[PDB]
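K.L.:
Following this message is one structure expressed as structure tokens.
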Amino acid sequence: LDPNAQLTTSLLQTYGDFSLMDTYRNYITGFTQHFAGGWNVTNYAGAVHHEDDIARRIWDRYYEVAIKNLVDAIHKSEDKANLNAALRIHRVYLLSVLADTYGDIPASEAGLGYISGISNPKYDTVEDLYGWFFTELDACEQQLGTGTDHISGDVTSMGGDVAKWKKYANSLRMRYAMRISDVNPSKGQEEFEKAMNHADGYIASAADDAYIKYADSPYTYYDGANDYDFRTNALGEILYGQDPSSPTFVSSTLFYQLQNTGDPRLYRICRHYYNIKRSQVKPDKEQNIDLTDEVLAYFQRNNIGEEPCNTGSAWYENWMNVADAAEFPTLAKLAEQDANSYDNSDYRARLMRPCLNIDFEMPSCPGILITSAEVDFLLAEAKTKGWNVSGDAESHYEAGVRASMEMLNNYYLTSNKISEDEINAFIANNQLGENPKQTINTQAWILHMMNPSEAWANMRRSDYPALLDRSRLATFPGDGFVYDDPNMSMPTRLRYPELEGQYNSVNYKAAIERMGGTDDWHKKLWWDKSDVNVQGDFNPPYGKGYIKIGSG
Ligand SMILES: OC[C@H]1O[C@@H](O[C@H]2[C@H](O)[C@@H](O)[C@H](O)O[C@@H]2CO)[C@H](O)[C@@H](O)[C@@H]1O
Ligand SMILES: [Mg+2]
């Protein structure tokens, strides 16, 4: 009821609501090809399988909680200009996620009547929404600091500092100006330069990174869905999984991007776990038994190597030979003590695959809004476009790579931090090269691994990184997965919630007619001009690659 408390709830929901995270585990982080091998991502993204109850969650949960709270608090804060501006900025942020997910969405008519359930809003067009983002963020950025009120509900890294909220608003303007740079290059350039030249500045260093701060509190997964306090980061929670036999595995797309470039992030992101006794309350190092070094030593002894799971395949598909516990001295000692716990062959099978480091799965992980590393990559790309940016593209790109590594050191890694020498060597071996747009946006995709909505939006916009071509990778109908969409390319949006067809029937129909007459998750959004690039060949040294030509 207090508008600062409504700001708090709406900020925390962003990453703190487990009941929308199935959309991120099952679809979006699979679409981006960061993760593959878990059952959930294989069944949904991996099979290009639409299910309304999964696809609808970002829409239903953000409109039911955050948008209702924000709209109510905005109406009730006209006397508190600083809070009012912060509420409106977070509303822009969430509406941009909603529009980048679904396309045309309720916004301009999503007011007091709509959140009370008595009014049907039209769906604003993506083009009109993006235009409004620029005017609203300009207005909010100037309104910040014209109040004397304390933004006491701020749970972000901005810590109620209006100067930091101003830099955040200008950085969002820069992101959205890049987003529209293919469909409207002149507006993109104008808006980008206006924001980057603004007297109040943008996020230029990690000290001004914008993220939501989450607490070290126990995980509860789907339990108590009615009573969510949103205090912990539910993205890392769902990636850890409610089921120890289905943790999140790193895809071959991400694995080979890292390995092929000598990226020191390879075995910071990827670890090998034997996790049968792991805590579900809070990921623990004691029983997420990290056997990475011993697994790599076994590979070296046997002239073999990693088999990261391909997009479309589960860990139990494209079966990788399972080493005996005797191959890993730590596990061998444990199994000689207690075979029921430590000689389980299913848990040893999952030990063979590269797993996401539990450092990315802890309750207190930050919820990234926008980082200085992203802004560095935006400046690098703007320079390559010929926009009026200070400093050469190489300098901005190198700043972005360095800041992406330091982000891991500062926000995630609890051990084995990436050294300055490792960063400098990686940068020296990975310059912009012949296709700077590809290099910049592939590095940004690594940066956005824990910010899946931005990863997916920027990949759709820039069409990089080149993904694995799903149509050239195996399917597994004999394993119970359903392949009901003959177009296997990565979806470019999600379908609208099907209940909208009843609950807001006229406006749902009109939005669907505008995209050509069916609710098509292969239809590109207004700012998405071209198809994402795909890798022309994939023949990994171990495991399975593209199916052999002519065998399909
Ligand atoms: O056990 C079946 C299935 O459950 C999935 O979680 C459900 C959850 O039980 C339900 O309360 C919620 O409303 O929906 C989610 C998503 O369907 C779980 O994610 C799956 O791993 C599991 O196969
Ligand atoms: Mg595209």
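The chains in the structure tokens are called A, B, ... from first to last as shown; in each chain the residues are counted from 1, and the ligands are counted from 1 in the order shown.
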Set the cut-off to 9 Å, count only C-alpha atoms and all ligand atoms, and list whatever residues fall near ligand 1 as a VMD selection string.

P.N.:
chain A and resid 19 22 to 23 25 to 26 39 to 40 53 to 54 222 to 223 225 238 241 to 243 246

K.L.:
Residues contacting ligand 2 - anything with an atom at most 6 Å away, using only C-alpha atoms and all ligand atoms - can you give me those as a list in words?

P.N.:
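Counting only C-alpha atoms and all ligand atoms, the residues within 6 Å of ligand 2 come out as residues 460, 461, 463, 528, 529, 530, 531 and 532 of chain A.
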
K.L.:
Write out the residues from the selection above, keeping C-alpha atoms, as an mmCIF file, in the first residue's frame.

P.N.:
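again_36.cif was written with the following content:
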```cif
data_model
loop_
_atom_site.group_PDB
_atom_site.id
_atom_site.type_symbol
_atom_site.label_atom_id
_atom_site.label_comp_id
_atom_site.auth_asym_id
_atom_site.auth_seq_id
_atom_site.Cartn_x
_atom_site.Cartn_y
_atom_site.Cartn_z
ATOM 1 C CA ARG A 460 17.772 -11.491 -32.317
ATOM 2 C CA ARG A 461 18.723 -7.895 -33.102
ATOM 3 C CA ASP A 463 21.953 -11.943 -35.394
ATOM 4 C CA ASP A 528 14.268 -7.725 -35.749
ATOM 5 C CA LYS A 529 15.055 -7.406 -39.449
ATOM 6 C CA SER A 530 16.958 -10.633 -40.232
ATOM 7 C CA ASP A 531 17.402 -14.259 -39.200
ATOM 8 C CA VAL A 532 19.983 -15.181 -36.572
#
```

K.L.:
Restricting the calculation to only C-alpha atoms, which member of A:105, A:5, A:401, A:81 is positioned closest to residue A:372?

P.N.:
A:401

K.L.:
Contacts of residue A:141 at 9 Å or less, counting only C-alpha atoms, minus same-chain residues fewer than 4 places along, as a list in words?

P.N.:
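Final neighbour list, sorted by chain and number: residues 85, 86, 89, 136, 137, 145, 162, 165, 166, 167, 168, 169, 170 and 200 of chain A.
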
K.L.:
Fewer than 2 positions away in the same chain doesn't count, so skip those; otherwise give me all residues within 12 Å of residue A:402, counting only C-alpha atoms, as a PyMOL selection string.

P.N.:
chain A and resi 205-206+263-265+372-374+376-377+395-400+404-409+418-428+430+443-444+447

K.L.:
Can you tell me, as a list in words, which residues in stretch 200-337 of chain A count as strand (DSSP E or B) by DSSP?

P.N.:
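Listing strand (DSSP E or B) positions across stretch 200-337 of chain A yields residues 210, 211, 212, 249, 250, 251, 270, 271, 273, 274, 289, 290 and 309 of chain A.
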
K.L.:
Quick one: distance from atom CA of residue A:470 to atom CA of residue A:311 in Å, one decimal?

P.N.:
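Computed distance, atom CA of residue A:470 to atom CA of residue A:311, equals 7.1 Å.
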
K.L.:
Atom CA of residue A:388 to atom CA of residue A:193: how many Å, to one decimal?

P.N.:
7.2 Å

K.L.:
As a PyMOL selection string, please: every residue in stretch 152-350 of chain A that DSSP puts in alpha helix (DSSP H).

P.N.:
chain A and resi 162-179+185-196+234-240+252-260+266-269+292-301+329-337+339-342+345-350

K.L.:
Determine, for each residue of stretch 228-314 of chain A having at least one atom at most 10 Å from an atom of stretch 476-492 of chain A, the closest pair of atoms and their separation in Å to one decimal, counting only C-alpha atoms; order by chain and ascending number, as JSON lines.

P.N.:
```
{"residue": "A:312", "atom": "CA", "partner": "A:476", "partner_atom": "CA", "distance": 8.3}
{"residue": "A:313", "atom": "CA", "partner": "A:476", "partner_atom": "CA", "distance": 7.6}
{"residue": "A:314", "atom": "CA", "partner": "A:476", "partner_atom": "CA", "distance": 9.3}
```
